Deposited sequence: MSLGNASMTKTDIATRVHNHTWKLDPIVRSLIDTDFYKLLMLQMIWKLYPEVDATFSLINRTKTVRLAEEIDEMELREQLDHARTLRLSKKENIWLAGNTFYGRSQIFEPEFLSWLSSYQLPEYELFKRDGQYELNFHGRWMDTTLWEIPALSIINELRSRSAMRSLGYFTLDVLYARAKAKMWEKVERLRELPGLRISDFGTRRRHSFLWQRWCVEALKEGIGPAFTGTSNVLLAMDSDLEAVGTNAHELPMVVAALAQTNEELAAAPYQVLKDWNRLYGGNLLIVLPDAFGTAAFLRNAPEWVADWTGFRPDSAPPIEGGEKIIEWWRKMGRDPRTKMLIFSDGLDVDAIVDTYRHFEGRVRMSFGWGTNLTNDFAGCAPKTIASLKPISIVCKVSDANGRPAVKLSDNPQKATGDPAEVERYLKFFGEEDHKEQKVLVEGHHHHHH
């Protein structure tokens, strides 16, 4: 299957298939930005947190230009356009305005800034927030599949067969474990760090085939269209990070975590009403949350330990008089299977749960060779020329301009 293709790879072998070969959350955010913040500028920057061991030494610069440049030639196909307008997404129709789809029909990834620096690549995307946000996933994809490709370059047909066979076996074992929890609800979130498109596709097919109803879909829009699965995702920290950087006063900065919910609710409802509160600390978030936040459908404890984070949300729901059995907790992050089973077994019957399976699903070839990790990202660095920042539930793991981080930390505070 896939082991045969790698070997068979003459022309360019494009990593990014189409403009919708990205995560669903990116499309919902894009429409919100297009509608409510079309004048805002936002820079996105690629960052290799694993300074150890270069990257400009594993990926030919020109191969990089080739893939990135190809991605810039992509356009919404006729069928993709029709599918976005007529398909049902979170049980709702027309979440995508015809006007917005029209704008998207002519959109194309914009210019980028690339340069080598200490065996590392500096990749930045400048311009209107609505023109740069879609660059994030594609860029990480191109880099990831290029590292994997380049690695397996030497490998011979036979070696590849053993490599992929052992990875399928490693993947399927995890399925047999999850298969033991029928009430489990899990979806795919591995586009961003996939070992490659084809492999992600195989993984997604193995999930639906192996746990049936327990598998609620994939966040990869192209794959959801191609195999008739539900597209999954709501929003990311990008939202709060930017609206917070747009704030000029204390009143505005304090309001920004809640202002994003208002903007989000102007376009979406129902099951899309999921709160992501850890950007500037969940404790600070819940303590200053307007009561109406308690009526949203669920929460996403993203940066804290699953159990501790979940219980914090539940305690708040009790405080507000809401029944947590009616609410949902969406765990995503990089949880491995053990985290998923222990988390599930712990909260079962007390609240609704949903799990996101990312890196650990779409990129676990660890001992499958007869190979490196790489903590790579492409977050928002600034908005309208001011530093975008993220002080998660673990302040020490903050993101962005150190001085700004300090300002936010001092402003929002941090749990003991």
- In sequence order, what intervals of the deposited sequence carry no C-alpha positions? 1 to 7, 17 to 21, 383 to 387, 434 to 449
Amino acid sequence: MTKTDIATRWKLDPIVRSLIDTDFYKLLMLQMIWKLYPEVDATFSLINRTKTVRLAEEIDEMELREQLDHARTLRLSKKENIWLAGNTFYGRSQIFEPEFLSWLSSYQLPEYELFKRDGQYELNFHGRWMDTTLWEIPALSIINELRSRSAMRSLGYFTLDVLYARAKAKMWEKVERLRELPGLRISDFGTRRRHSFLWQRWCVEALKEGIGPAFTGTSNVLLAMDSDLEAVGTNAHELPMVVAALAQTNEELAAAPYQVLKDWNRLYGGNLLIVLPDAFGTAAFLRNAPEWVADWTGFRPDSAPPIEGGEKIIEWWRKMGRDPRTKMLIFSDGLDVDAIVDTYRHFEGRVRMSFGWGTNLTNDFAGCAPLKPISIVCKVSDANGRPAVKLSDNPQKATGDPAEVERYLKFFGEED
From here on, numbers count along this sequence of modelled residues.
- Which is higher on average in the deposited entry, the C-alpha temperature factors of 175 to 183 or of 309 to 317? 175 to 183
- Item | Given 147 to 155 and 297 to 305, the range whose Cα B-factors average higher in the PDB entry | 147 to 155
- Task: Would you mind checking which of 343, 73, 332, 218 has the top Cα temperature factor in the PDB entry?
- Result: 332
- Among 39, 382, 364, 69, where is the Cα temperature factor highest, going by the PDB entry? 364
- Item | Ranked C-alpha temperature factor of residue 351 among modelled chain residues, by third | lowest
- Note on the structure: Assert third(CA B-factor, residue 27) within chain per record equals lowest
- In terms of the CA temperature factor given in the entry, to which third of its chain does residue 33 belong: lowest, middle or highest? lowest
- The third of the chain into which the C-alpha temperature factor of residue 258 falls is the lowest
- Message: Among the modelled residues of this chain, does the Cα B factor of residue 167 put it in the lowest, middle or highest third?
- Response: middle
